[PDB]
Each structure stands twice: as C-alpha cells, then as structure tokens.
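Reviewing the structure listed below.
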Amino acid sequence: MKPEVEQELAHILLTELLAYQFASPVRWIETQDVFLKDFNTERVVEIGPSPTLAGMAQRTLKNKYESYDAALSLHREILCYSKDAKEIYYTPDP
Amino acid sequence: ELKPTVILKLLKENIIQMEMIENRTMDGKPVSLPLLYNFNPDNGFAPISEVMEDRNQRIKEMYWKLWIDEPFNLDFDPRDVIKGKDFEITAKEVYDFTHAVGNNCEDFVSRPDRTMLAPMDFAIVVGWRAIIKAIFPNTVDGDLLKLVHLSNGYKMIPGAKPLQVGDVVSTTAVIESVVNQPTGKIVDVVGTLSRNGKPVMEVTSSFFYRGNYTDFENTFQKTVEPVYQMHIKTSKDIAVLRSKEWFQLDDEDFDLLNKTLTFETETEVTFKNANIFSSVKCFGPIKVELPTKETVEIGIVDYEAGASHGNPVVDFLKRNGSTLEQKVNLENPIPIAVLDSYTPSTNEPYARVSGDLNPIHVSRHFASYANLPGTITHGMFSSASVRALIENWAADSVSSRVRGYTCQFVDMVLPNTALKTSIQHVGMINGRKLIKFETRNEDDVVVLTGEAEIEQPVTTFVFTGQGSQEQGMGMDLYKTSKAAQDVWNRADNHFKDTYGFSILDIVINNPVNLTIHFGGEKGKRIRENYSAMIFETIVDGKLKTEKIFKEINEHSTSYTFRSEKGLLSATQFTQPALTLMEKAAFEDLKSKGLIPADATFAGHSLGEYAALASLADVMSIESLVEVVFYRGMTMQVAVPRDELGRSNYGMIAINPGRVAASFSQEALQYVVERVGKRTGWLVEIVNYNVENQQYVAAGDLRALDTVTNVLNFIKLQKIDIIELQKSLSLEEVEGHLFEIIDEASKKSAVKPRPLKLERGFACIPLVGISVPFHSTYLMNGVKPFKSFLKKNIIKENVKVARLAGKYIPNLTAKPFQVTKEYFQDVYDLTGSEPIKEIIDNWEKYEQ
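Order-wise, the sequence lines are chains A and G.
Residue 90 in the authors' numbering is what sits at position 90 of the first sequence, and the numbering runs on without skipping anything.
Residue 1250 in the authors' numbering is what sits at position 47 of the second sequence, and the numbering runs on without skipping anything.
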C-alpha cells in the first residue's frame, strides 16, 4: 500500500462512512465495548453543553465493566467539558 | 572485619607510595591505587611534592578495573562511537535494583499472567560501562576523583515500549560535546539503547572535570539539532530562503509556496578558544511535506564556516521556524506533593547492582582525599529514589507513562539524610505532562532539581450529538480563549460570504426570524450557493432529485428563515452551532497542549463530524460548516410536512430495563421488527445508546404509538417474550405478538396523523424531532449528501495515521482501518458501488 493510494481509499471510505451514517443506526454499545475494553481507556472526556455521553459511559462501566476493571486493577476517569472543566484544564481552587 | 585500606611506605630513596587499597571491587581482589610524592629534604618548608606526571593515567587505570570489564587502554578517539557489551535484563537483577532504590512499583514485581517491566533507572546500569568509558580517553585528560556528575537525563524514544524482563539490550554511547569551561571541562555523554535492533531510549549524562584545561584541539561539540518547521505562505519567505546560500535545494526551480519544510540539521563545532569557534559545519537533509504527509528530501543544509561566533542556521530556524511540539505552561503551577524520602546509612547495596563501585561513595579514606564531607550518597540513587516518587504520584503507579526524566545534582547528600522533595506540574508538551521537582536537605539547601516529561493517561474523546441548544452556548470560551475566537471568526466570516448570515448573531441573541438579502454581486453569489442545494426523495417508487429552497429562484430578492421561539432550535442552526462549540472547545485544549498524540476519538452522530475535523483535521472549518449546514437542511426537507410544518415521524427514548427485569435488547429488537412488519409502517432502532438501559426507535408516528401501547400492555400483563419462545412453544410468540400489535394498531390508526406522541412506562417522546435519521428511511437522501461530501472533503487533506485505530465511526462500531475486511463490513452495512470497485480491484491497489 503506497501512501497516495491508501490516502485515496481512506478518503473514499470516510466519505461513504459520513454519507450513510445518518442512514444507519448509532451502534454506540459496540463502540463503548471497543474504547472501554479493546483500548482499555482510563479517561473518558465528553465535549458538549450537557453530560449525556459521560452519563452514558458511567452506566456501561457500572453494568458490565465492574468485574473487568477489578480483574485488571485500573482507575477510569469520566469527565464532561461543561461540568468537569477544572479537572480537564488542571485549574483547581486552593 | 578489619581490612588494610592504606599502605604508606618508601618505594625509593626520595619517593613515597601512599597506596590506597579499596576492597569493594568487581572480582573481590582489592585494587591498589599507588599515588606517589617526591620527598625533597632540601625544601625545609614543603619537602613533599606530589608526582603530577602519569597521575591521571594511574587514577583512570584503577577506575578501569572498578568499572570496565575489558583490557585497560586509553589511546582510543573519543569522537568514535563506543559500543558497550549487550546485557540481558533478568528478573533477579530487577528485584535487587528495585530493593536497593526502594522502588515499590507493581510493574517491576513478578505477577501472575504478566510481563515484569524494567525501570528506566535500570538503563543507567547497562549503559554505565559505555557512558563512563566516554570520560576515560587520553584526550579527555582529567583526574577522575574530581568527577562531578552535574545532571543525568533519560528520554524514552517516541513509539518504543519501556525495558521488559528478558529484553537483550545492545548499548552504544557517544560524547555530545567536550568544552573547556573556565571552572574546568564539561563532557556531555549520550547513551543510546538498541533492543531487537530498534532504538528504545537515549540516556544523557553531563560530567564536569574541575580544574584548568587549555587543550582546545581536544574540545568539540557534535550536537544534533531539533527539527524546525517553516510553513512558506508568502513570497518574502521564499526570497529570504533563496538568499540562504547554505539552503541548497537539489532542484533550483522547486516551488516552495504553501508547503511545509522540516530541517533535520546537526551542528558540528571545533574550538580555538572558550568563546570563539575554529570551524562550524551545520549540514543535514531538507525535507518537504507532501499532501500524503510522507516527507521527501528536496535539498540539504550545507553550511561550512571557519572563525564563527555561532550557528546562523540554528538562529535562522529558531526565530523563523517552530520546534514542532511547542511547550506551554499552566496558569498556576499545581503543587502535586511535598514528600520526605530518606538516604540509607550505606550506599554499597546500590553500588553492587549499578556497577557504580566509586570508592568515594563507600570508603572513608578516598572521600577524605577527595575533600568530600564524607561517603557522599550516589547521585544516581537520589535520581532513582525521586523518579520512583514521580512515577508513584504523577504517573499514578504506571511505568510506561514516565518517558523523559532529567535531574541535576545541585549539592551532594551525606548518608542518613531525611530529604524533602517538592513536586510541581508546570507545563504541557503536545498532550504530555511536564513536572518540575526540587529536593532539599534538612538545611533547606537545594540538592536536587529536575523535570519529568510524563505521558497523560490513555484518553477517548466523545463528541455529543443533537442535545440541549441553550442560547449563547460556547460564548464563555469565545470571550476568553483565542484558539476558540479564531474558529468562531473564520466560521462567522465564511457564513457571511457563503450563506449571507452570521452564526455568532444566531447563537448570541437567537433571533425568531432572519432574512437573507441577495442584494448586489455578493447577493447573487449567496443565491447561487442557496440554489445548488438539492435533495433526493422516493415518491411513488421514483427517486426525484428535488431542490432545497423552492421559493429561491433567479429572481428572488430575499429568503426568510422563520421560527416560532428561536432559530437556534431550528436544525440548520442547531447542528453547526453545537459542532462549532465542540470544535472551538477542542481547539482550546489543543492550543494549551492537553491532547495526547495517540488518543482515540468517536463522536455520537453529529459530534462524529466535529471529532473527524478535531483529531484528524480532514476538512477545513469552512468545509465543516457547509457539510453540517447542508446535513441540517437535508434532514429538515427529508419528510413531507403540512402547512403547520408538522410531520408523521418522531423518536422515543425507550428503557428495556423498566418494562421488565428480564426484557433484554434481543427481546426489544424482536418486538420492534414484528411491529414494523405487521402494521407495515416504518419503525427501526436508530440509537443503541447504553446496553439494556437506553435505546431510541425512530419511524412512522403511528408505529411508535403502537410500540408504546405494546410495551405498556406487556409490562401490565407481566409476560416475557424470551421464556415463552424457548421453553413453552416454538413460533407461537410470533403470532401471539401479532394479535397484541393488531390490538395496539387499531387504536393507533383511529387518532389523526398529527397524533400527540404520549409517554408510556419505559419510553419518552423526543420532542422537537420530526425526521427518522439513522433509519433505513434516509438511504435515498445519501447520494446528494455523498456528492456534497466528495466536493468538500478533498483527498489531499486526509491522513490515515490520525484515523487508523483512532477514528471509530457509528456506521460500523469498529475502529477505522484501510483493509479488505473492513471495506467488506462497510458494504454489508451499506451496499454502495465504489466499495465493490475497491473490494474487486483490491489486488491492484496492493502495488
């Protein structure tokens, strides 16, 4: 795979992925069971005006990832940009 | 036991031999250092004169048998790379090193079903034999008793793993620069570690021979300079570069405008004196970025000068070129911790494991001869002890998170000393955390300084879809932030020059009505853009490419956007507003350097488009605003409204865990599909939000009134679909559910077509939503969207290494990869023809 041909195939793929995305269901459980397990991500930052995704990501971890996190011994931070902005920018109050 | 340490005696008639015999050696045979004196009885005042000839060569020869495991020879060139003998990292040596330094990290302990890592402390051990060898040669002529270790730095090479147990390490080391300072001679030694062939990390050390050194012919400076980028935007920058005779392009007529030039330069300097340079020759290949990001050599720096007072090349690329990863400090330096370590009474246990058998740290008599206040504790131990506390408190008990670590030994520490370290997080560098520490003795005297570059913990970005659009959202950032201001300005200007309005106006004050006026030659351009917007619809089994804005022709003077409450609640202004606020927020995090280089990103529907432009910068902010506005308009025109602007579609936020405690998502998907089949009215699951807790089902407004009635009935009757289909009867739940879908659908087909969607026990009707997007219903709406995307997203602005394993679409629910298997998976979900061309012709795109 050359850099320019791979670039073309990637460009065509993401285009077709964005083109049909609003014509396919949002399989977010089979993404929340990718970045929480397969990537073992210990910081979940939500960017938005309301903590929906951080309130959506604290329920999956409570449900099916108590036993998985207790068997690995990691600590997962769940943050929203609207609500938890201080612990994102590292700007606490004395 | 009471061993002989000194033997004072006569060697000749006039010569004395004060021979200092140290016992802690490599083998176990005590090594003797015979320092001489010339006893002249004719000098009544000072009859002792110490022999200076061969004195440094003897001292070195003793330290050779202390450190080096080879034959003693100093007649080697320092310039030449030194290749230390390979060393296997063994579990026992990681135990004994971690026990000596008191490091209490789990990563370096023997665990079940786990690799034991090796501390980057341990690296100085393996290196040591090569690194120290650097200071030995006859052209680095100095007394090793007066060896000050100024500073020691470890730098984990990006894309490497820290050292593991069983890793065979091939160690090199070369002298950076030997300089005759006024106070002595600074030697800077860099030791590379090469495991499996590939480089892992580069230890740096700084040795300062104290005294007087006038031998400037021996002095050199073999620095490799940090890569410097120049974005050539304007023709004065080209004219400046072409004035630079050193800047030697391979092709003279290489056009440099709107490119990116990296300069992999190295500085070679040879001295005449401490202040002036005899000869400087900065050279190294000049790379240019392609739209593919694969950089190509297009020339060389070939600066060759004599009696220079600096590097012009470095000076030039410093002011006019960026250091790639710019470091930026925090607003207030956070005081992480104030810890109290403790130096052991003896340093022997660290000396044995580290191979650092310097007598001065262990023997009293050598320390007395070295004018030291006693058996000074190993600097390397003080370096390893603090780093174990920096790994405990900042990295948070993780080994791989610690990358860089530089520590300066300001003052010596004596055994039995209760140190007090002060840890301070001060800056960020491309996502990484830059911490400065200062350790003090009991007198509050500075003994250790230094800065540790730590990896921020592995992060996943989730960009929110269409939620709460509160008035003036993102203006708080827009007042303060400059990175946010730039995004908001560019977006605002682009909408003024493309769609004849201001987003900033619409977010800030949320006008009820806003009239685009196509007045003048700017007006015509606006009306051309508003004309070209089209959408496809299925009417009587016929794809008709209809025109958005039917009341915008060639002879339309104005358009009016009309809302009831505010235009911010309209999708065509909701979607860009929210996406821009997220993009502006992310650009604020990225300016302050809080984005890890390897982080994952995955947005929820609309957020996805922001997230793509956030981490990957695939589309420009002028491309993004168009593609989120067009999306908002296409969604808005998808359904066939009345004169009230009301539709016959909507959504419900269903909770499968409320209807029952046995009702799963396979029990819901069966009930939704059967409801959709039996009545014939479109209904699908468009959002799988949280498992067995949050789903959203779009489709026909009556078909969601049947679903609410069906899951109100089954909840009251207390029946499970999965129990009766398996262990009671086969295919009986199918026909037994049809009769419940038929008793819901008769009452759901008698209320009119603008039926108020009524909240049940598990479901909530998502108010403001009138279109089933993420449903099969909008497949027809994709081709104009796909034409618009392919126009906006130019393939020159996409990069794979910022997507491959990082971008997670919502179509697939799989990480982005460029492979035949993923392309198959995307086709299976969405049956397009350009994906069948790539799958078929795959074996041609492989070469």
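We treat Cβ as the ideally placed atom computed from N, Cα and C, and that holds for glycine.
- Query: Can you give, in chain order, each stretch of the alpha helix (DSSP H) that sits fully within the region 1684–1732 of chain G and has at least 4 residues?
  - Reply: 1686–1701, 1706–1712
- Message: Quick check on the DSSP output: the beta strand (DSSP E) that includes residue 1288 of chain G runs from which residue to which?
- Response: 1285–1291
- Find the nearest neighbour of residue 1382 of chain G within the set G:1786, G:1425, G:1207, judged by alpha-carbon distance. Selected option, being the one with the closest Cα: G:1425.
- Run down chain A in chain order and give the residues with a C-beta less than 8 angstroms from the C-beta of residue 1892 of chain G. Neighbours of residue 1892 of chain G on chain A, chain order: 26, 28, 29, 56.
- Query: Is residue 1608 of chain G helix, strand or coil when you go by DSSP?
  - Reply: strand
- Query: In chain G, which residues lie less than 8 angstroms from residue 50 of chain A when you measure between Cβ atoms?
  - Reply: 1667, 1670, 1671
- Task: Pull up the DSSP beta-bridge partners for residue 80 of chain A, would you.
- Result: A:46
- Does the distance from the CB of residue 1676 of chain G to the CB of residue 1800 of chain G come in under 8 angstroms? no
- DSSP three-state call for residue 1561 of chain G: helix, strand or coil? coil
- Query: Can you tell which of G:1914, G:1533, G:1765 has its C-alpha closest to the C-alpha of residue 1848 of chain G?
  - Reply: G:1765
- Item | Through-space distance from residue 1997 of chain G to residue 1632 of chain G, alpha-carbon basis | 30 angstroms
- Query: With distances taken from CA atoms, which of G:1255, G:1975, G:1654, G:1211 is nearest residue 1843 of chain G?
  - Reply: Considering only alpha carbons, the answer is G:1975.
- Between the region 1871–1893 of chain G and chain A, which residues of the former have CB atoms less than 9 angstroms from a CB of the latter, in chain order? Against chain A - using a Cβ distance shorter than 9 angstroms - the residues of the region 1871–1893 of chain G are 1887, 1888, 1889, 1890, 1891, 1892, 1893.
- Given 8 angstroms, three or more beta-carbon pairs between the region 1810–1817 of chain G and the region 1713–1729 of chain G: no
- Item | Residue(s) in a DSSP beta bridge with residue 1410 of chain G | G:1352, G:1390
- Message: Considering only DSSP beta bridges, list what residue 1861 of chain G is partnered with.
- Response: For residue 1861 of chain G, which the question treats as bridged, DSSP gives no partner whatsoever.
- Short-range partners of chain G found in the region 81–94 of chain A, where Cβ spacing is below 8 angstroms: If the cut-off is 8 angstroms between Cβ atoms, the region 81–94 of chain A has 81, 88, 89, 90, 91, 92 near chain G.
- Message: Extract the residue ranges of the beta strand (DSSP E) inside the region 1619–1692 of chain G, only unbroken runs of 3 or more that lie entirely within it.
- Response: 1623–1632, 1635–1643, 1649–1657, 1662–1666
- Query: Closest Cβ-Cβ distance between residue 2033 of chain G and chain A: below 8 angstroms?
  - Reply: yes
- For residue 1765 of chain G, does the three-state DSSP call read helix, strand or coil? strand
- Straight-line Cα distance separating residue 1551 of chain G from residue 1397 of chain G: 29 angstroms
- Query: Once you ignore the five residues that flank residue 1303 of chain G on each side, which residues in its own chain have a CB closer than 7 angstroms to its CB?
  - Reply: Within the same chain, and ignoring the five residues on either side of residue 1303 of chain G in sequence, the residues whose Cβ sits closer than 7 angstroms to its Cβ are 1552, 1553, 1556.
- Message: Contact defined as beta carbons within less than 8 angstroms: I believe residue 1705 of chain G pairs with residue 1730 of chain G. What is the distance between those atoms, to the nearest angstrom?
- Response: 18 angstroms between Cβ atoms; not a contact.
- Item | 8 angstroms Cβ cutoff met for residue 1432 of chain G and residue 1460 of chain G | no
- Message: For residue 2021 of chain G, which residues in the same chain have their Cβ closer than 8 angstroms to its Cβ, ignoring the five residues on either side in sequence?
- Response: 2003, 2007
- Message: Run through chain A and tell me which residues come within less than 8 angstroms of residue 1812 of chain G, C-beta to C-beta.
- Response: 18
- Which of helix, strand or coil DSSP assigns to residue 1472 of chain G: strand
- Outcome for residue 1476 of chain G when other beta-carbon atoms lying within 10 angstroms are tallied against a minimum of 16: Looking at its Cβ environment, which holds fewer than 16 other Cβ atoms inside 10 Å, residue 1476 of chain G is exposed.
- Examine chain G for any beta-carbon lying closer than 8 angstroms to the beta-carbon of residue 9 of chain A, and answer yes or no. yes
- Message: Strictly by DSSP, which residues pair up with residue 26 of chain A?
- Response: For residue 26 of chain A, which the question treats as bridged, DSSP gives the partners G:1890.
- Item | Own chain, CB closer than 8 angstroms to residue 1614 of chain G, minus 5 neighbours either side, in chain order | 1644, 1648, 1649, 1650
- Residue range of the alpha helix (DSSP H) that residue 1943 of chain G falls in? 1935–1948
- Task: Give the interface partners of residue 2041 of chain G over in chain A, defined as CB-CB distance under 9 angstroms, in chain order.
- Result: 9, 12, 13
- Going by Cα to Cα distance, which pick from G:1391, G:1372, G:1360, G:1320 is closest to residue 1354 of chain G? It is G:1391.
- Message: Spatial neighbours of residue 2051 of chain G within its chain, please: C-beta separation below 6 angstroms, excluding the five flanking residues on both sides.
- Response: Since the first residue shown for chain G is 1204 and the last is 2050, residue 2051 of chain G is missing from the structure and cannot be characterised.
- Message: Taking 8 angstroms as the cut-off, does the region 9–16 of chain A touch the region 39–50 of chain A (at least 3 CB pairs, one atom from each stretch)?
- Response: no
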